[PDB]
Every structure is written in structure tokens, then in C-alpha cells.
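Presented below, as C-alpha cells, is a lone chain in the form deposited in one PDB entry.
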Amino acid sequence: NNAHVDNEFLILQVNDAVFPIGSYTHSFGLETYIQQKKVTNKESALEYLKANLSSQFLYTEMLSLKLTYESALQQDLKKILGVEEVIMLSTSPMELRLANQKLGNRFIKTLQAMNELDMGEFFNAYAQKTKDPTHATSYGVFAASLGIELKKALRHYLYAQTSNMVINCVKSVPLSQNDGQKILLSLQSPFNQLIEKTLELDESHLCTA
């Protein structure tokens, strides 16, 4: 059914800022750091981003993507829903939880609206049953369902999220556009460290940051 679908383009399409699912929620956490004088320049923005990437973003978002990808390969819907339950029961404040659930639901619905894309029965079942989807967990199931390699799936998702984080810093601090690009370049080695760490973690580390 997916002979006309090229995963090499589809992975760009679903990570594009124009993929119509709403804004990522990283700006929620950043808002306090600017008002309270912590993030003021390129250097302190870089510090904040490295710290964020290696804490909650790693132990919740990135890890959850890996876990639901791996569980989807095993057709273990119970484990996927279990992961989503842990995340929901750990996320504060409620406004952020609701924003995250909205984003996950919109990701699933936007895929389903593309009627000429067959997500397969396991994804169909996941979409029918999910109560607390997130962008990362639904994306993990999506990537596994289409046979997209895990490391690649992680790279594209990580870059897209981080581009959003950096542009939030550029607009909110504010910084020059050139400082934004220097930050993104500086984060490439951290990105590789983060992906390698993600592959070492498991359910026992979920939401532990």
C-alpha cells in the first residue's frame, strides 16, 4: 500500500515546522529562565540548552520515543500505554500536560488525515486506544510502523525539537540570528552524545530526571 511513499521524504515532512500539529512546548520551561536573569546571552543560552537536553528532555521525551519504538516492533501495545501512563502521571503543571496531550493527538490525527498513507494495523490499534499520547511517544510508534531506522528517527526529531528551543531563545532573550546558528552548530556533538545515551537507557530510567 505504501509503494508510492518514500520514508526519506516522509521523515522530513513530519518533522517540518509546518507539519500542522501546533507548537512544541519547550518554551513553557524557558519562560522562567529569562524573566529571572539566568539566560541572558549566547553562552548562558547554550548552557541552559545543554542542561535541558540532558535532563527531562532525555529521560522523558527522547527515552519515551525509543521505548514506544521498541515496543511497537514487539507489537506490545500494553507497554506503550504503560509508558504514556508514567509520563502523564509525572508531568507538571497540568497546563503543560494538556498541551502535550493536544500535540500528541494532533500528530496522530494529521497522519491519519493523509488517507494515502497506510500506517498499518498496529498503529491503527495504538491510535484507537491511546489516552495520553505525546508527540514523542506517537512518533516512536509511527517510525517503527513504517520501518524507519531508530537512530535516524531520533536524529530528525532531536534536531527539530532543538531548532525550536534555539529559536525560542533567539526571540525571547533575545539573541541575534547568527548566535542561534552558532548554538545549533555547537550542539552537534552534544546531539550525538544524547542519541548514544538514549540507546543505553530503558523503562527504569523513564521520567527519572
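Rigid core here is just the name for the largest C-alpha set that superposes within 1.5 Å across the two forms. Throughout, we count residues from 1 along the sequence that is shown.
The PDB entry records a higher mean C-alpha B factor for 74-82 than for its counterpart among 74-82 and 134-142. The mean Cα B-factor in the deposited entry runs higher for 22-30 than for the other of 22-30 and 159-167. Ranked against the other modelled residues of its chain, the C-alpha B-factor of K38 as given in the entry falls in the highest third. Annotation for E47: CA B-factor lies in the highest third of the chain's modelled residues. In this PDB entry, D16 carries a Cα temperature factor that places it within the lowest third of its chain's modelled residues.
Placement of the Cα temperature factor of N178 within the chain: middle third of the modelled residues, per the deposited record. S55: CA B factor lies in the highest third for its chain, per the PDB record.
Not pictured, yet referred to below: the form deposited in another entry.
Per-residue Cα shift between this form and the one not shown after core alignment stays below 2 Å for all of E95, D76, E85, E121 except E95. Core-aligned CA deviation for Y24 between this form and the one not shown: 2 Å or greater. An increase of at least 3 Å in the separation of the C-alpha atoms of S138 and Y24 is found in the other entry, compared with the displayed form.
Compared with the form shown, the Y24-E121 C-alpha separation increases in the other entry, the change being 3 Å or greater.
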